[PDB]
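Shown below: run.tsv, with TSV, C-alpha atoms and all ligand atoms.
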```tsv
chain	number	residue	atom	x	y	z
S	7	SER	CA	-14.92	-12.39	28.72
S	8	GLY	CA	-13.51	-15.66	30.09
S	9	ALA	CA	-12.06	-17.37	33.17
S	10	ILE	CA	-9.80	-20.25	34.20
S	11	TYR	CA	-11.33	-22.64	36.79
S	12	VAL	CA	-8.61	-24.64	38.61
S	13	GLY	CA	-9.16	-26.35	41.97
S	14	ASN	CA	-11.10	-23.92	44.19
S	15	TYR	CA	-9.90	-20.85	42.25
S	16	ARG	CA	-11.30	-18.71	39.40
S	17	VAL	CA	-8.72	-16.64	37.39
S	18	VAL	CA	-10.06	-13.63	35.46
S	19	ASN	CA	-8.79	-10.36	33.92
S	20	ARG	CA	-8.67	-7.90	36.89
S	21	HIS	CA	-10.46	-5.22	34.77
S	22	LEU	CA	-13.43	-7.63	34.18
S	23	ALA	CA	-13.72	-8.98	37.78
S	24	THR	CA	-17.30	-8.92	39.17
S	25	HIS	CA	-18.58	-7.78	42.63
S	26	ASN	CA	-18.59	-11.52	43.56
S	27	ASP	CA	-14.91	-11.94	42.51
S	28	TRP	CA	-13.89	-9.00	44.75
S	29	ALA	CA	-16.02	-10.33	47.68
S	30	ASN	CA	-14.17	-13.69	47.43
S	31	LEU	CA	-10.70	-12.20	46.64
S	32	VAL	CA	-7.59	-14.42	47.02
S	33	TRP	CA	-5.00	-12.28	45.13
S	34	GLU	CA	-4.88	-9.50	42.55
S	35	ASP	CA	-2.16	-7.63	40.66
S	36	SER	CA	-2.98	-4.45	38.74
S	37	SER	CA	0.44	-4.61	36.97
S	38	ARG	CA	-0.49	-8.07	35.51
S	39	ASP	CA	-4.26	-7.38	34.88
S	40	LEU	CA	-5.02	-10.56	36.95
S	41	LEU	CA	-7.40	-11.36	39.80
S	42	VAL	CA	-8.03	-14.74	41.46
S	43	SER	CA	-11.15	-15.43	43.56
S	44	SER	CA	-12.25	-18.53	45.54
S	45	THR	CA	-15.01	-20.94	44.40
S	46	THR	CA	-17.11	-23.63	46.13
S	47	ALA	CA	-17.16	-26.00	43.10
S	48	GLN	CA	-14.02	-27.82	41.86
S	49	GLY	CA	-12.52	-26.44	38.62
S	50	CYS	CA	-12.37	-27.98	35.11
S	51	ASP	CA	-8.86	-26.73	33.98
S	52	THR	CA	-5.12	-27.80	34.45
S	53	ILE	CA	-2.23	-25.26	34.38
S	54	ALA	CA	0.83	-25.73	32.18
S	55	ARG	CA	4.24	-25.68	34.00
S	56	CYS	CA	6.56	-25.27	30.99
S	57	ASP	CA	8.49	-22.83	28.72
S	58	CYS	CA	6.33	-23.31	25.56
S	59	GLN	CA	6.31	-20.37	23.14
S	60	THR	CA	3.65	-21.88	20.78
S	61	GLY	CA	0.01	-22.68	21.52
S	62	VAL	CA	-3.61	-22.11	20.48
S	63	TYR	CA	-5.97	-19.38	21.81
S	64	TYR	CA	-9.72	-18.82	21.63
S	65	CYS	CA	-10.76	-15.62	19.81
S	66	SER	CA	-14.42	-14.78	20.73
S	67	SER	CA	-14.68	-11.98	18.06
S	68	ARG	CA	-14.16	-14.68	15.38
S	69	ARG	CA	-15.74	-17.70	17.29
S	70	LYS	CA	-12.54	-19.58	16.38
S	71	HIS	CA	-9.27	-20.89	17.79
S	72	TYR	CA	-5.96	-19.72	16.24
S	73	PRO	CA	-2.39	-21.10	16.57
S	74	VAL	CA	0.22	-18.54	17.85
S	75	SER	CA	3.95	-18.09	18.47
S	76	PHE	CA	4.34	-15.77	21.50
S	77	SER	CA	7.17	-14.01	23.33
S	78	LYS	CA	8.36	-15.05	26.84
S	79	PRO	CA	6.65	-13.23	29.78
S	80	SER	CA	7.95	-9.66	29.95
S	81	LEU	CA	7.35	-5.98	30.98
S	82	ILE	CA	5.55	-4.24	28.07
S	83	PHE	CA	4.22	-0.67	27.81
S	84	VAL	CA	0.38	-0.51	27.53
S	85	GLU	CA	-1.35	2.77	26.58
S	86	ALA	CA	-3.96	4.38	28.95
S	87	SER	CA	-7.49	2.94	28.81
S	88	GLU	CA	-10.80	3.51	30.67
S	89	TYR	CA	-9.47	0.76	33.08
S	90	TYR	CA	-5.82	1.73	33.69
S	91	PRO	CA	-3.41	4.66	33.44
S	92	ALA	CA	-0.52	4.39	30.91
S	93	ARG	CA	1.87	1.85	32.52
S	94	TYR	CA	4.11	-1.21	32.04
S	95	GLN	CA	2.15	-4.46	32.30
S	96	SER	CA	4.31	-7.32	33.62
S	97	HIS	CA	4.27	-11.11	32.80
S	98	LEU	CA	2.77	-10.29	29.35
S	99	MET	CA	3.43	-12.38	26.18
S	100	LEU	CA	2.81	-10.90	22.72
S	101	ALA	CA	1.88	-12.63	19.51
S	102	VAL	CA	0.62	-11.85	16.02
S	103	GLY	CA	-3.09	-12.61	15.88
S	104	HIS	CA	-6.53	-11.00	15.83
S	105	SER	CA	-8.01	-9.50	19.00
S	106	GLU	CA	-10.65	-6.93	20.00
S	107	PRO	CA	-11.22	-5.58	23.59
S	108	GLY	CA	-14.07	-8.06	24.29
S	109	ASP	CA	-11.64	-10.93	23.50
S	110	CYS	CA	-10.01	-10.51	26.98
S	111	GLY	CA	-10.41	-13.73	28.95
S	112	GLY	CA	-9.92	-16.07	25.96
S	113	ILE	CA	-7.69	-18.97	27.03
S	114	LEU	CA	-4.24	-19.71	25.52
S	115	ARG	CA	-3.20	-23.42	25.82
S	116	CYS	CA	-0.19	-25.53	24.87
S	117	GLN	CA	0.13	-29.38	24.99
S	118	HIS	CA	0.72	-29.10	28.81
S	119	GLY	CA	-2.42	-27.15	29.76
S	120	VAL	CA	-3.51	-23.57	30.30
S	121	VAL	CA	-0.75	-20.96	29.70
S	122	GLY	CA	-2.64	-17.66	30.17
S	123	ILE	CA	-5.53	-15.43	29.10
S	124	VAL	CA	-5.97	-12.63	26.50
S	125	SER	CA	-5.30	-9.26	28.18
S	126	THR	CA	-4.10	-6.79	25.45
S	127	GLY	CA	-4.12	-6.39	21.63
S	128	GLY	CA	-4.63	-4.14	18.64
S	129	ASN	CA	-3.49	-3.86	15.01
S	130	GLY	CA	-2.99	-7.53	14.41
S	131	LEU	CA	-1.39	-8.22	17.81
S	132	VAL	CA	-2.70	-10.19	20.82
S	133	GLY	CA	-1.17	-10.10	24.34
S	134	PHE	CA	-1.65	-12.82	26.96
S	135	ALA	CA	-1.29	-12.53	30.75
S	136	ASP	CA	0.87	-15.53	31.83
S	137	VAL	CA	-0.34	-17.75	34.72
S	138	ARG	CA	2.38	-20.53	34.59
S	139	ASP	CA	4.42	-18.93	37.39
S	140	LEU	CA	1.47	-19.03	39.89
S	141	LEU	CA	2.41	-22.37	41.46
S	142	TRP	CA	-0.08	-22.00	44.32
S	143	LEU	CA	-3.03	-22.39	41.86
S	144	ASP	CA	-2.26	-26.21	41.95
S	145	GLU	CA	-2.85	-26.68	45.68
C	201	LIG	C1	-10.83	-1.40	26.68
C	201	LIG	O1	-9.52	-1.64	27.18
C	201	LIG	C2	-9.39	-2.92	27.78
C	201	LIG	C3	-7.90	-3.22	27.92
C	201	LIG	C4	-6.98	-2.31	28.76
C	201	LIG	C5	-6.02	-3.55	28.76
C	201	LIG	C6	-4.87	-3.77	29.75
C	201	LIG	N1	-4.50	-5.02	29.96
C	201	LIG	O2	-4.32	-2.81	30.28
C	201	LIG	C7	-5.73	-3.48	27.25
C	201	LIG	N2	-7.07	-3.31	26.70
C	201	LIG	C8	-7.41	-3.31	25.39
C	201	LIG	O3	-8.55	-3.12	24.99
C	201	LIG	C9	-6.31	-3.55	24.38
C	201	LIG	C10	-6.95	-3.92	23.06
C	201	LIG	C11	-7.10	-2.98	22.04
C	201	LIG	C12	-7.49	-3.36	20.77
C	201	LIG	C13	-7.73	-4.69	20.49
C	201	LIG	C14	-7.65	-5.64	21.50
C	201	LIG	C15	-7.30	-5.24	22.79
C	201	LIG	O4	-7.36	-6.06	23.89
C	201	LIG	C16	-7.69	-7.44	23.70
C	201	LIG	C17	-7.32	-4.43	28.68
C	202	ZN	ZN	3.70	-26.17	27.38
```
Could you show the structure in this file as structure tokens?
Amino acid sequence: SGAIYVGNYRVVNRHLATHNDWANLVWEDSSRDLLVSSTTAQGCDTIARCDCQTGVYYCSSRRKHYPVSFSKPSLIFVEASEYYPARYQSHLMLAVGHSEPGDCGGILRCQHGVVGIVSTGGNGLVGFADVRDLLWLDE
């Protein structure tokens, strides 16, 4: 679990969005595993606008933060799950690091701010859904 709170928006993994997120929907993209909903309270986070390929992410299954080197956002095949059919997930960045399914939502940050959230993993890999291209989050 986890969310980014920026301005009057809440960013979550689309597969973990609540009934309230869908009732206050702003934008969603099944191919990116992202959903953004509107909020009444002003957010606590700032979004990075950069090309960093290193950062630190929060891993809830270890209660710890880990440093990572990750690939640029790209189209990567993701096996079928209870949430999605077998498909290519876009704007995904992979790195070597621990992750379990419940780690989705953990924030990845660089020195400039929030980069993305955990969305995939397995076998010593962790995948993050990028949010740096969503310029409208800032206004
Ligand atoms: C239970 O499946 C949830 C989803 C489907 C997902 C999607 N983006 O399509 C991928 N999932 C995974 O669970 C992948 C996974 C497997 C092993 C370890 C960690 C890990 O994710 C953090 C999110
Ligand atoms: Zn950066």
Legend entry - Within-10 Å residues of ligand LIG 201 (chain C), basis only C-alpha atoms and all ligand atoms, as a PyMOL selection string: chain S and resi 19-22+36-40+65+83-96+98+104-112+123-135
Legend entry - Among the residues S:74, S:47, S:113, S:56, the one that comes closest to ligand ZN 202 (chain C) [using all atoms listed in the file]: S:56
Legend entry - Test item: residues lying within 10 Å of ligand ZN 202 (chain C) with all atoms listed in the file, as a PyMOL selection string: chain S and resi 53-61+115-121+138
Using all atoms listed in the file, list the residues that have an atom at most 8 Å from (-9.5, -24.5, 30.7), coordinates as in the file, as a PDB file with C-alpha atoms, in the frame of the given file.
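Listing of point26.pdb after writing:
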```
ATOM      1  CA  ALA S   9     -12.060 -17.370  33.170  1.00  0.00           C
ATOM      2  CA  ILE S  10      -9.800 -20.250  34.200  1.00  0.00           C
ATOM      3  CA  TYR S  11     -11.330 -22.640  36.790  1.00  0.00           C
ATOM      4  CA  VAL S  12      -8.610 -24.640  38.610  1.00  0.00           C
ATOM      5  CA  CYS S  50     -12.370 -27.980  35.110  1.00  0.00           C
ATOM      6  CA  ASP S  51      -8.860 -26.730  33.980  1.00  0.00           C
ATOM      7  CA  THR S  52      -5.120 -27.800  34.450  1.00  0.00           C
ATOM      8  CA  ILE S 113      -7.690 -18.970  27.030  1.00  0.00           C
ATOM      9  CA  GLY S 119      -2.420 -27.150  29.760  1.00  0.00           C
ATOM     10  CA  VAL S 120      -3.510 -23.570  30.300  1.00  0.00           C
TER      11      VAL S 120
END
```
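Taking CA of residue 76 (chain S) and CA of residue 23 (chain S) as endpoints, the distance between them is 25.2 Å.
Among S:30, S:25, S:80, S:45, the residue with the shortest atom-to-atom distance to residue 13 (chain S), counting only C-alpha atoms, is S:45.
In this comparison, which uses only C-alpha atoms, the residue of S:101, S:62, S:31, S:42 approaching residue 137 (chain S) most closely is S:42.
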Inset, instruction - Check the smallest atom-to-atom distance from each of S:44, S:97, S:32, S:14 to residue 79 (chain S) using all atoms listed in the file, then report the winner. - result: S:97
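Using all atoms listed in the file, the nearest neighbour of residue 33 (chain S) within the list S:82, S:48, S:17, S:145 is S:17.
Ranking S:28, S:18, S:35, S:103 by their shortest atom-to-atom distance to residue 70 (chain S), with all atoms listed in the file included, puts S:103 first.
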Legend entry - Distance in Å - CA of residue 75 (chain S) versus CA of residue 102 (chain S): 7.5 Å
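CA of residue 43 (chain S) is found 28.9 Å from CA of residue 73 (chain S).
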